[PDB]
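Working notes, beginning with the structure itself.
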2 protein chains.
Amino acid sequence: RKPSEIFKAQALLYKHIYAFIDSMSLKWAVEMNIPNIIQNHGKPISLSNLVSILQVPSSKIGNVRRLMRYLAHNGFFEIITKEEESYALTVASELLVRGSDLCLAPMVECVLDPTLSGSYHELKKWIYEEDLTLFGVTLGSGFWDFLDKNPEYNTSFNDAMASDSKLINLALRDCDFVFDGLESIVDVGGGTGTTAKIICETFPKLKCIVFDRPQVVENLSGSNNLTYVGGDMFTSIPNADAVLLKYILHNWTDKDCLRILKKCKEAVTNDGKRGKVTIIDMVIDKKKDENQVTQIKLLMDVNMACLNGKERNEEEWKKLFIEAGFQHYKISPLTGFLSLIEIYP
Amino acid sequence: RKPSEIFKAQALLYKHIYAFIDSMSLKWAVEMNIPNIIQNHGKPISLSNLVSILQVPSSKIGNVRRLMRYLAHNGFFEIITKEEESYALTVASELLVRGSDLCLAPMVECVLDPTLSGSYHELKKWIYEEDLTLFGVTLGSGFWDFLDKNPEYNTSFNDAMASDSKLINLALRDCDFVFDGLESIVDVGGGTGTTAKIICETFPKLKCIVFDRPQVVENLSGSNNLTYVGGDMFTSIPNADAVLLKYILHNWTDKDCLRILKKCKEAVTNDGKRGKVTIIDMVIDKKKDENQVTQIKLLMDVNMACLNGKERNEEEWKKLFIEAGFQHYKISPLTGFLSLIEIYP
Ligand SMILES: Nc1ncnc2c1ncn2[C@@H]1O[C@@H](CSCC[C@H](N)C(=O)O)[C@@H](O)[C@H]1O
Ligand SMILES: Nc1ncnc2c1ncn2[C@@H]1O[C@@H](CSCC[C@H](N)C(=O)O)[C@@H](O)[C@H]1O
Ligand SMILES: COc1ccc2c(=O)c(-c3ccc(O)cc3)coc2c1
Ligand SMILES: COc1ccc2c(=O)c(-c3ccc(O)cc3)coc2c1
C-alpha cells in the first residue's frame with residue numbers, strides 16, 4: 001500500500017489480464033480477410049466501404065470501427081482521416097497479405113486455434129507433470145500422434161511451417177560452406193520435403209534424403225536424387241555425409257535432444273567417415289541481440305512449453321553438443337530470428 | 001516488400017500473435033499462489049525455496065524459472081541476484097496479495113476463465129450477429145441467465161465485482177454533494193447490496209433500496225433503512241429521490257441504455273418530484289487523460305463486446321442523456337478509471 005502509484009500498477013495489471021485481446025483481435029482481422037481486402041482495394045479503405053464489403057449488420061458497424069482502431073494503434077493499420085476515416089496497410093499487416101513475398105497469416109491461424117492456444121490455461125497442471133508436455137496434458141496424446149489423427153490440424157500446422165520456409169530455405173541454400181564437398185545429406189524431420197526440394201534445385205548432383213515419420217512421407221514421390229524415407233529419428237537415421245535439423249531441436253527437452261544428437265552422430269560417422277550436423281534454430285544472446293529481438297526469442301522460449309521445448313542460448317547449445325560427443329561447433333547468423341549452427345563429431 | 005524493416009514487422013506480428021501468453025502466465029502466477037507465498041516469506045524468495053514450497057517436479061523447475069523471468073520483465077516481480085536469483089513483489093503483484101488493501105486477484109481469475117475468455121475466438125461470428133452479444137453467441141443464453149444457472153460462475157463474477165468495491169464505494173460515500181438532502185435512494189442493479197451497506201453505514205437515516213434481479217436478491221435480508229427489491233429495470237424501478245447506476249450502463253448498447261434511463265427518469269419524477277440519477281462508469285477523454293489511462297479505457301471498450309457494451313466518451317454520454325430526456329448533466333472524477341456522472345430530469 002502506497003500512494004497513487006496504485007492506479008499505475010492497476011493499469012499494468014489490466015494490460016496483462018486482457019492481453020489475449022491483442023491475439024484475438026489479430027485473429028479476427030485475418031479471419032475477416034481485412035489485409036487482403038485493403039490490398040485489393042489499392043488504396044486506404046473507408047470504414048463505409050469496408051463494412052460494405054464485409055456485409056456486417058449495421059448494429060455491428062461501430063464494433064468493426066472499434067476493433068480497427070485498436071488494431072491500428074497496435075501497428076497493424078494506419079488511420080488516414082479526410083472526409084472519412086480510412087485504413088491503410090502497414091509493413092506488419094503486409095505480412096498478412098496473400099501472395100505477398102513473405103505471408104505469415106497461416107502462422108496466426110495455426111497458433112490461435114482455440115484448442116491449441118487454449119491449452120495455456122493449463123500451465124499449472126503441466127508444471128506438476130514430471131513428463132507430459134503442455135500439449136500432452138490437453139490433447140490426450142503427444143503432438144505428432146495428434147496431427148496424424150486430425151487432418152485439418154496437420155494441414156494447418158504444415159501451412160504454418162511453410163509460411164516462412166522460402167526465406168529460410170533460400171538463406172540456407174545460399175550458404176556454400178554448408179554444401180561444399182557434400183555428396184549426400186539427410187534432412188531429419190524434413191517434413192514433406194520443402195527444404196530438400198530447394199536444396200536439390202540448387203545442387204542438382206547432391207543426393208538428398210527427406211527423413212520423417214512414416215505417416216508424413218507416405219505416398220510422397222521423389223525424383224532424381226531426392227528420396228523419402230519413413231522412420232524414427234530416436235531409433236535410426238539413414239547414413240549420409242551430413243544431417244540437417246531445421247526447427248527440430250527446439251521442440252525437445254535437453255534429454256531428448258541428446259538422444260536425437262546421438263543418432264545423428266551415428267549417421268554421419270558410419271564406415272569410418274567423419275561428416276557433420278547442421279542445425280537451424282534460434283540462439284538467444286542477451287548481450288549481442290537488439291533488445292526487441294531478445295524479447296521475442298524469450299517469448300518463443302516460454303511458448304515452447306507446448307512440447308517441453310526450449311530456445312537456447314550459446315552455453316546451453318554448447319553443453320548439449322559436448323554431452324552428445326561432438327568436438328567443436330560454429331554458429332553463424334542465417335536470417336531473421338534464426339542461426340545456422342554446425343557441429344563436428 | 002521492403003528491406004530489413006520486414007524483420008521488425010515480423011517481431012511486432014509475433015508479439016501480437018502470442019500476446020495471450022501475457023494473460024496465461026499471469027493466470028498461472030495467481031493459480032500457483034506465488035504473490036502470497038512471497039508476501040508470507042517476508043523477503044524476496046530464492047528460486048530453490050520457491051520450487052520447494054510449490055513442490056513441482058525437478059523436470060519442471062527450469063520451466064518455473066522461465067515463467068518467473070517472463071513475468072518479472074513484465075513488471076510483476078523484481079529479480080534480485082546474489083548467491084541465488086530471488087524474486088520480490090512489485091506494486092503490481094502486491095495487487096494480487098490477499099488481504100492487501102486492494103486485491104484484484106479475483107478479477108484475474110474471473111476474466112481468464114477458459115469459457116469466458118475463450119469466447120473471444122468467436123469475434124467473427126459475433127460481428128455478423130444483428131442482436132447477440134459475444135457471450136450470447138458462445139454461452140447459448142444471455143450472461144445474467146447464464147450466471148443464474150451456473151453457481152460457480154456467479155460466485156466468481158461476484159468476487160470479481162467485489163474486488164475493487166471498497167475503493168469505489170468509499171469514494172462515493174465521501175461525495176457529500178451526491179447525498180445532501182436525500183431521503184431515499186435506489187441502487188439499480190445493486191447486486192447483493194455491497195454499495196448500499198456502505199451508504200447506510202455512512203448515512204444512517206437514509207432509506208436505501210437494493211434493486212436487482214429476483215435470483216440475485218432472493219433470501220437476502222436487509223435491516224433498518226436497507227431493503228432489497230427483486231425486479232427488472234427494463235420494466236419498473238421503485239420510486240426514490242435518486243437512482244444509483246454503478247457499473248450498469250457500460251454493459252448495454254445505446255438502445256438498451258435508453259430503455260434503462262427512461263425507467264430511471266420515471267422512478268425519480270413520480271408524485272411531482274424532481275430527483276436525479278447518479279452514474280459510476282468510465283468516461284473516455286483522449287485529450288485530458290494521460291495516454292496510458294486512455295489506452296486502458298479503449299481496451300476495456302473493446303472487451304465489452306462480451307455484453308455488446310461500451311465505454312463512452314463525453315459526447316456519447318451527452319447524446320444518451322439528451323435522448324432520454326434529461327436536461328443537464330455534470331461529470332466529476334471519482335477514483336482511478338471511474339467518473340461520477342449526475343443527470344437531472
Ligand atoms: N521420432 C521422429 N522421427 C522423425 N521425425 C520426427 C519425429 N518426431 C517428430 N518428427 C517430426 O519433426 C517435424 C518437424 S516440424 C517441421 C520441420 C521441417 N524441418 C521444417 O522446417 O518445416 C515434423 O515434420 C515431425 O513429423
Ligand atoms: N433487467 C435487470 N434488472 C435489474 N438488474 C439487472 C438486470 N439485468 C442485469 N442486472 C444486473 O446488473 C448487475 C450489475 S453487475 C454488478 C453491479 C453492482 N452495481 C456493482 O457495482 O457491483 C448485476 O447485479 C445484474 O444482476
Ligand atoms: C517445429 O517448429 C515449431 C515452432 C513453433 C511451434 C508453435 O508455436 C506451436 C504452437 C504453440 C502454441 C499454439 O497455440 C499453437 C501451436 C506448435 O509447434 C511448433 C513447432
Ligand atoms: C458490470 O461491470 C462489468 C465490468 C467488466 C466485465 C468483464 O470484464 C466481463 C468479462 C470479459 C471477458 C472475460 O473473459 C470474462 C469476463 C464480464 O462482465 C463484466 C461486467
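Note on naming: chains are A, B, ... as they come in the C-alpha cells, residues start from 1 per chain, ligands start from 1 in the order shown.
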
Task: Residues of chain B within 6 Å of chain A, only C-alpha atoms counted, as a list in words - done: residues 7, 9, 16, 17, 19, 20, 22, 23, 56, 57, 59, 60, 91, 92, 108, 127, 128, 130 and 336 of chain B

Open item on the list: If we count only C-alpha atoms and set the cut-off at 12 Å, which residues sit around residue 232 (chain B), ignoring sequence neighbours fewer than 3 positions away in its own chain? Please answer as a ChimeraX atom specification.
Closed with: /B:144,188-190,211-217,229,235-238,259-260,263-264

- [ ] Go through region 45-198 of chain B and collect every residue that DSSP, computed from the backbone, puts in helix (DSSP H, G or I); the answer should be as a PyMOL selection string.
- [x] chain B and resi 47-54+58-73+91-94+105-111+114-127+134-139+143-149+151-163+165-173+176-179+194-198

Task: Non-local contacts of residue 139 (chain B) (9 Å; only C-alpha atoms; under 4 positions in same chain excluded) as a list in words - done: residues 115, 116, 119, 134, 135, 143 and 146 of chain B

- [ ] Would you mind telling me which residue in A:265, A:255, A:276, A:250 lies nearest to ligand 3 when using only C-alpha atoms and all ligand atoms?
- [x]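 Going through A:265, A:255, A:276, A:250 one by one, the smallest distance to ligand 3 is for A:250.
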
- [ ] Could you please determine the separation between CA of residue 142 (chain A) and atom 10 (N, counted along the ligand's line) of ligand 1 in Å, to one decimal place?
- [x] 11.3 Å
